[PDB]
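Take a look at the structure below.
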Amino acid sequence: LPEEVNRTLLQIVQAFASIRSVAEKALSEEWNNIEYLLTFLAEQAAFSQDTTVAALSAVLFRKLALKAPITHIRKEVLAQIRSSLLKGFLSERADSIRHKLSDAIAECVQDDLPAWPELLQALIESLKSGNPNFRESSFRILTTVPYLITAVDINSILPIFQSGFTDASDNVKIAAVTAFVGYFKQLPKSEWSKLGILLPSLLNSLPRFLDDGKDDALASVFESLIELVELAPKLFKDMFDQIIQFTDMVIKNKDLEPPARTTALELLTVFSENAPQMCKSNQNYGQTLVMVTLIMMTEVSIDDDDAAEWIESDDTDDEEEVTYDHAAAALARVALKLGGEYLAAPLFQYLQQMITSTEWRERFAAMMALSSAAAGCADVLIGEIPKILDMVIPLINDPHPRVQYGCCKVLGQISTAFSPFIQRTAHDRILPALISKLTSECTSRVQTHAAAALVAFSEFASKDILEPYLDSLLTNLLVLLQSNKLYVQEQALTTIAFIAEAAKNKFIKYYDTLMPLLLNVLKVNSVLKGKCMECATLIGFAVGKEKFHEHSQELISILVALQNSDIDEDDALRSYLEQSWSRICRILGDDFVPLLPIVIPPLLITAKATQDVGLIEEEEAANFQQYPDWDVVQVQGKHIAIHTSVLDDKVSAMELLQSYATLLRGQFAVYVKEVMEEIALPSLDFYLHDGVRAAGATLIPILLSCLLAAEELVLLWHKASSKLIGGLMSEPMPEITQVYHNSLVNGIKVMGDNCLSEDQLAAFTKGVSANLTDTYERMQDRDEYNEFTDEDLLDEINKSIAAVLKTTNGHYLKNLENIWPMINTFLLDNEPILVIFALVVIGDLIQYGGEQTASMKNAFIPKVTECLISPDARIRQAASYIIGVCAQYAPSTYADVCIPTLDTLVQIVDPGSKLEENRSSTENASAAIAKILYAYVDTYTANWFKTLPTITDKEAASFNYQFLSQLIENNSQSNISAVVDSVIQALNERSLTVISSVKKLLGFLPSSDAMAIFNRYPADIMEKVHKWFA
């Protein structure tokens, strides 16, 4: 560099340590100059004797070299920069500076950059150096630029890693493992088999960390191995037992500090999430996992045998019980993946023993383990339920209050995991057990947890089941209500609320005494009051409006006070208040209308939150990640920070707006324009958060329907429908695409006839085509290393097509021709889901195309007649519906098919026909033959009859009993009790004036003959029969 340039730059870069903003401007405004600057910073990083200037420049070089980019730099310069960076690397640098140089070097290696064989050469040599920092930095560069691993000869690179894993320096070891795993995460699988052979060297180097007593570095290695399990679990198959036994050995060594033990556990557990067939095939995995988690769950209340503190603390979790926490989450996670088939047996082997230990911590552990495993092992444990209670319930009264708390937890957790069966079956055992912990004989923590577990029970308990226990439940909870710790009172209110919600009308009895207790609590602590208001309005919904009106006015005045009071935190309160207002609206019906000006404005504010995004820089993201309320993602290389909490809050507000609109109907009309234009619609352009986009879409038809019920409607609908249609081509998530289709369907049902314009119809077609294209392409996707959203999307596209055909009244058949190639490929694909989709489109075509489909007759009836006898019941269903609809709307043009196939229908109708799983299919066939018999000798109709009654499909049933009513009133035994029953069953099962026809038939018989038909029927259906007949 020219000598002047140097002292200019030297001054500036020196200003950076500390004057610093003036230097920042100078760089970004002035520094035509980029290659000079890069050349300078690489010189400083390389040769400067000042640490800080060296570091800075290295980091700056790294940043500016991406931005340039390095590609657009002059080869003559690149070379000089490469050579000074390399000279700096091999000179004498501080460790931290070598690391920074390494990262700068890495910015100079690129597929389309000129080859740099001096770097490879320098790495091969540095890996053999006696200075650990040279060795470490070489693996670092292979970490950042894994492709260099491809560029070394295989017979050099393999010893480099084997040496790496075995190195004297832990830091070199960590870097070797990092680079090894990095290789897999960066390169395609076709390259994997080239390092994969090294896994055993790695695994075999693991015991050395325990010999050196270097378990903290073990933890780092475990972390890289955890990533390798996510990428290539099958790689570990051959040495599976050796990693299992090794992690067993580490976890048991309670002398190690927790990180080596918790990361070892995570290694163990992650196999279950990435290779479930693998761990299932190995009996050792499940057994080690359970054994190991039971041990860790024992590590509680350490140095506090009486649990004194623990008793004197409050119901939040002690987050310092780390190994215990991780073990419970591990057990849970593994149980969820592997199931009880595989896990119950090993679990129970151990529980039997620990339940009876004199060590309280082991009795606790056993409760907590069941609690963690129950959901996951539900499939098997739902049948071993008295056995479980026989083990757990005796401990409800354990000397030690933590075992008691533990037992409350399991009873709670199991009530939810084994629901609804356990409520029906074990109320007699569970409720007394829990109720007895409510009494003030027990400790605060235990009473509260028992009350918590009663919520879990109640959630799936009948009003009828809870009824005999309410007085007892209530009297005990009211005591807790007067408790003296906050958390006991809070939980008392929540438990009462949720019991009340389950009790429904059976709670009317307790209303007079409870509500003033609650008013007194409110008139006196934010969470308490919010939980109190929640309890009041849940009680209100349980007992109904009339009853709730005795206190509603006062309640509302307290709500208002609570909402509009100075202190705005707890933020926890806002939500209790919102749900309460909303629940008062379900209670009050239209009498809520006067309250809208209190309740809606805050929800409008929250629901208009913008996409609160920070287009951000590379370092400025990991600290932005610290916040629970924020997440950072990458879109197209560029990084962005998104305020997740705020967007979540937006959704929640939109959900409330949507449910007020749904209940208030026409009364909500005043808000429709504002919610639609400022909330619903702009929410579809929220490309960073799909919840928002979905909540936007679902709001649309409900908004319209509110306006309808009360020109603008048409304007909003046109704007809304257009944004939905356009969304179909641009939306990347298939799950969202479905919401838009569903949203359109619902919109079209609101708006009625001819609600879409011709350009809209054509734009919907392109959307439908792109969506069908992308679904085909995803399904033509599905290994050496690894082990309904499509059906749902297609289900909805069928609904939108049907809906659009109906609104156009056929005219959409024109547009529909453009995507016929698509529909056709589907129809003759192998994949049953695409086939069913196509069949369903075809059925809709004929409904509207009538005899206007002849164009295609010759092209799809061949496959439809196939489909008729398909082993798949859903394919028969769609096919037969097509055949039936053919005779209905396109009669004259389809008899060459309908009448032949008629025998096929007699067959499809007849082992496992009348059976839940194919009852649906054979009902369509049944109606399909009735349709043919109507359009166009008598042997057939006697067949048809033997397929009544029609109970499951509503449109099919609609036709069959319409037909059954013609075959009588305009036509012509001992079929009379089968005739009647066929009808009673249909009505009773809620599938479908056929009654008028039946009466006349009963007219043809003696009073006594007529009355005996009903003999069979019990009271409940004879109550209904009386109210059905003429």
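Following the order of the structure tokens, first chain is A, next is B, and so on, with residues numbered from 1 inside each chain and ligands from 1 in the order they appear.
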
Can you write out as a Markdown table which residues of region 486-605 of chain A fall within 12 Å of region 674-696 of chain A, alongside each residue's closest atom pair and its distance in Å to one decimal, counting only C-alpha atoms and ordering rows by chain and ascending residue number?
| residue | atom | partner | partner_atom | distance |
| --- | --- | --- | --- | --- |
| A:600 | CA | A:675 | CA | 10.6 |
| A:601 | CA | A:675 | CA | 11.2 |
| A:603 | CA | A:675 | CA | 10.3 |
| A:604 | CA | A:675 | CA | 7.6 |
| A:605 | CA | A:679 | CA | 9.9 |

Saved selection, atoms kept: C-alpha atoms, as a PDB file, in the first residue's frame:
ATOM      1  CA  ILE A 600     -63.336  -4.087  21.627  1.00  0.00           C
ATOM      2  CA  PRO A 601     -60.952  -1.068  21.580  1.00  0.00           C
ATOM      3  CA  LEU A 603     -58.431  -5.838  21.147  1.00  0.00           C
ATOM      4  CA  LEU A 604     -58.297  -3.593  18.037  1.00  0.00           C
ATOM      5  CA  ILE A 605     -55.036  -2.037  19.250  1.00  0.00           C
TER       6      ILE A 605
END

Please identify all polymer residues within 8 Å of region 795-801 of chain A, counting only C-alpha atoms, omitting same-chain residues fewer than 6 positions from it, and present them as a PyMOL selection string. chain A and resi 738+741-742+744-745+768+837+840-841

Neighbour list for region 993-1008 of chain A as an MDAnalysis selection string, cut-off 10 Å, only C-alpha atoms, skip fewer than 4 positions in-chain: chainID A and resid 961:970 973 976:977 979:980 983:984 1012:1013 1028:1030

So that I can see what lies close to residue 640 (chain A), please list as an MDAnalysis selection string the residues with an atom at most 8 Å from it, counting only C-alpha atoms and leaving out residues fewer than 5 positions away in the same chain. chainID A and resid 613:617 632:635

Spatial neighbours of residue 884 (chain A), 8 Å, only C-alpha atoms, chain gap at least 4 places, as an mmCIF file with C-alpha atoms, in the first residue's frame:
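This went into part.cif:
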data_model
loop_
_atom_site.group_PDB
_atom_site.id
_atom_site.type_symbol
_atom_site.label_atom_id
_atom_site.label_comp_id
_atom_site.auth_asym_id
_atom_site.auth_seq_id
_atom_site.Cartn_x
_atom_site.Cartn_y
_atom_site.Cartn_z
ATOM 1 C CA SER A 880 -69.781 -45.356 -6.871
ATOM 2 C CA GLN A 888 -78.897 -38.410 -11.842
ATOM 3 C CA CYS A 898 -74.673 -47.133 -15.486
ATOM 4 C CA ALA A 925 -72.924 -47.784 -3.606
ATOM 5 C CA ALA A 927 -77.572 -44.923 -3.088
ATOM 6 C CA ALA A 928 -75.780 -45.213 -6.405
ATOM 7 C CA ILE A 929 -77.990 -48.186 -7.368
ATOM 8 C CA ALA A 930 -81.111 -46.413 -6.118
ATOM 9 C CA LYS A 931 -80.190 -43.527 -8.437
ATOM 10 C CA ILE A 932 -79.876 -45.773 -11.451
#

Taking only C-alpha atoms into account, which of A:103, A:76, A:629, A:153 comes nearest residue 89 (chain A)? A:103
